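Heads up, the thing below is written out as structure tokens.
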């Protein structure tokens, strides 16, 4: 289960670089130089890294400081063969963003948020990023009067439309991926799920430029089925990027290593990504727990990739097993994939087999055989076949 | 706080008619004749009633039985002046629907589900319904292999497209409202939130025919902000209908009377519906607790309407209070409603006040004054001004 | 992974006998004769069965009907070698219990609940049960004024004290196991967790007669760590019985087969039961999904036992692996098991190494190595070592 | 609704002093001098303040620095008449506590945690505190192998027993209050609810010295009924202290001002505290949102006390209303408070009215009238009578 760069595993600088500060806790690890993170991730068999602007270039850097930070980072990428497939803006840490970036009540803050984003889009394109993620972590409210959500969605549409006008004006190939989260750090965050983000994108001026960047733990913070949400994103043609991690249900955002948290959901996610032929990065947005030293950081990062590769093997073995193929037919997964009424509406209306002569009791009596299918899935996951 | 028919309060037959059967419990009340429910709701000042097909006409009724059930119901509507603004199909109770209606793995069940729906659309139009709700309560899974969600969404789109072709073919004015729910009775339900339903509708052949029927308790079963979801539905132009009730956060679907459960969310919901000029029914999809006798049923129904009218008064007083209007300006709700960059992208890029000369620390220091605003909202809700 | 009767696997009659009625759904399966359930469970390698009074003897049975039901059941036990280690009372289904049994506001209902329980304690003892479970599913409220919880806990203590006086008066060896659940069917249930039940037992007149019957899904409906709660019950000496099933976090009570739901929690539960030498029944309180026919019922029941046996193997292999034993020492699990201050309070106060000369920074720098340990646990669970 | 010092409202230094750092965010407010907080809280009509050791005396202070910090604080208390009813230890912020204080796997850390606590118990007693709170926020795990919970509970009992031996040895009157929380910052925290903490206390060597310090938001993070948990703590005689705040259900710990979050739960909590004659501090453990400036900090603190006083008025009016007293009898709250069987077990067994001649159908038919009672409660809360 040894990852290489072909497996397209990527990590945020902020993941292995997390110093362990939490709502109740000071740092437990020293800051990592991005150069060291690129080297150590490459040694583990990562394909690439991603960054917020402020991960790579300290906030308030001079042009000369910015140039030197990017030069050193570029040299580490060159030394290792590591890629940068995705970049994003920090519109959440600085206190100026305490009520939002794109949907701050203060108009001057909204304008600044856009300029900060646009500066980093240029850098993302220079470093070869195909995807530009937006996580509006400060967009939302703790109280009902603070935020008129129709006005906020007007401001959010304006911001994303301006970014689309910018990338079109420059002739950039980069596309946007909106990252939903239901809450934390705001009491409620706007576009709280994959569904809300997909729906919003349909009302942008150039919807083709925008998709989603769903995160395992974020949908699970609303108690939702992450594989189901990824299936709806794939169905819409909008899975531009994905964030992989672990979460133990409806809590604060844990950012456990991938495979931790809901293990069976991780299995069905990998099964879906691989069956669908998702071709994007397998990106880990996780935090090595603050209990760990740097040896534990690299162990946790290695475990992200290991767990993906184990689950990939077990899901492929499940789908390829003739006994599973028979069980899928027994459960009418083949019939689910057939059109209901390719004969058309009038034929359906005229079909006595669909109403007057439909034996509801005979149909009702037919077991779905889902438990046998699911125990074959369990046996494959556990290597108990 | 006395409701009349102008307040457009409506109730499902299945709400006050709930006999109190639950996963662990037999009925605690006798069946209600729909005629008696129409009479008793009219006496409380309801405007109208809604029905599933199988609430009004027992499943498996003869044509002569169907005619007599509808005749008696029509006479009760005529006697009272009660309306029927909305109807819906029961695609969940009968064991034939144990794996779904429109997304059953069995194709013959999908075809039957459509025929059952179409028969009741005709009846809905006869009784003057403007909205036809679809709650796909059986669409989903308890296990990952049982349901390929891309195939299921293909079947769901086919079904809704066929219903749109049907209503267009007949020249009906009736529109559809998809009701999301995240889980229960299925382990996970497809289109689990307002966002997922809005996103799905954008991929139908005639999206203009479809909106959402959000339910307070359903979004709250995913821990979501119901007023925020209603704001996104309004923003999309898709709030065709609404279900009002109470829920105590992330649990089984409680269907408490409206105002019970999350009282402050009920306040901000009424504030939003009234401010937005929502013109649809104020429909209660609730269950008088099975502790109650019929006197408690009618008390619980009366309390739905009373709580709406109290919250309407308090929200209107909040918005009209000059001290609140001042607090809204202090919190820059006025600025939230102003375009970010009506000057356009190039002007924004050229604006030094948006980047090079933006005083981030001065902006960051400016308090949002949200707590004062929210305590004025609390004082108005509690009548403590 | 073939279960025999030595593995002490037991099932409720109501589990495989569940006809599939849910809040939104009619039965999908015919009623099972308890005789058939005993035969089919024995063939799967179960050790025994458990019952509510009303599972074995229809409510309102004559003495002659009661005798015949028990005779037939006894013959099936004799035919198979199946045991009855546990029995319980149905104080939830009949509408008389709509506000509770032991904590009904109506005193006449409380008295009836006790008489119904006492009659079934006699039968439990006749059939050789060692444990008598009480799940107060109707004890609680949907509203704040309906139930004064101090008065209700007074009535609950009276009821359990009277049952203890009864079993003492008869010279029965049977002990009680209180089953917590946080909600469903009541909006909130009294004694909602293992902790609340343990705390309550300490205030009974004969606490030694009472323990807990924790259920996987019930603690998980409060988002709690089920293995941690079982550890506290073991620590208290109060794990008299356990209910095994699956749950997907904070939802309605799913009662999935054991191993479904939170698979890693199932692993750590089996690890704890086996490491602690828990000697009680491995009882499954689950519901084959209503999608299934009888073949799926028996597959789901078989899967409960299979998953326990797979997880038992993997947990034993984890604990026996010298690499894991080394990792446990690296993570100071050995030090956790050592007394903090066997030297006593005065020695601790006088120990400069504990304060004035404690190198907080050196201690803080020491990694816990928990991620390496947890990935060895993951590798063992998945058979990827 | 103007608070005075008689209302016994208290605040942590860390509440109004919270600088607004969150998992995703830098400080939005400057540090407050405790002297300024004591002055500003006194002006709002607070009775007193509480502290962690490290709130009052910076970690790593010299004896001379410690003396000056305490002198200045004492002068502010003297200037204002403010009390210090409660103090506590910070066993969570410093990275040395990354795996716990009392249940750290490292024994040297456990010993240090005890010495740090004992030093602050002395200071608490000097400043007149009656209660010493322990919130074991770092006691727990993110992974199953990291923490053997039976061993951890052995270490937790040792620590609390040593603290009890210490206060007994010194002749201090101060008592301990254990503060449960289910998760955050650990993936799962030991003693996650009021029930678990009550149960644990019964196994300490001197249980009379220990109670609970329940926090509104903490029980609500497990989806539990906070008034019900407070009722069980009162029933046990163990409500030594309480933390008041707001929470919007199952999320990260929000620490909203009291009355925010679940408003009806706040109503039923105040009703219970006042009806029970709870005599302890009404302590607010809240965080003014980081959106706020210092004017918003003091508004949020004022709103904590205002909301308590409004709810106190409305609950008293509810209980005193003859129509409510009649409704409580109609719902048999009077019967709930009567013993089930003061006639004794044998009389109950011999009572045909309790079984053979109990009319279950007549009892079942009797409505509980809970919805009318609850709408009187709603009308009182909203001032709509």
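Residue numbering begins at 1 within each chain, and the chains themselves are lettered A, B, C and D in the order written.
One rule holds in what follows: contacts are C-beta pairs under 8 Å (C-beta built on N, C-alpha and C of every residue); 3 or more make two chains touch, one makes a residue touch a chain.
Set side by side, A-B and A-D show the greater C-beta contact count at A-B. Interface repeat of C-D: among B-C, B-D or A-B, over half of the contact pairs recur, by residue number, only in A-B.
One inter-chain figure worth recording: chain A and chain D are separated by 38 Å, centre to centre, where each centre is the mean of the chain's CA atoms.
One simple way to say how far apart two chains are is to compare their mean CA positions; for chain A and chain B this gives 29 Å.
Touching of two or more other chains is recorded for residues 28, 94-95, 98-99, 142-143, 146, 183, 188, 221, 223, 250-251, 260, 264, 289, 291, 364, 366, 368, 370-371, 374 of chain A. Across the complex, chain D is touched by residues 94-96, 98-99, 102-103, 105-112, 114-116, 118-119, 140-155, 158-159, 162, 165-166, 169, 182-183, 188, 190-200, 202-203, 221-225, 227-229, 231-232, 234-236, 250, 264, 267-268, 271, 276, 318, 324, 327-328, 331-333, 335-341, 345, 348-349, 351, 353-355, 358, 360-361, 363-364, 366, 368, 370-371, 373-374, 376-377 of chain C. Per the touch definition, chain D reaches chain A in the complex via residues 20-28, 92-95, 98-99, 137-138, 142-143, 146, 183-185, 187-188, 221, 248, 250-254, 256, 260, 289-291. Considering their complex, residues 1, 28, 220, 223, 249-251, 257, 259-260, 262-264, 288-289, 291-296, 299-300, 302-303, 306-307, 310, 314, 364-372, 374-375, 378-379, 381-384 of chain D touch chain B.
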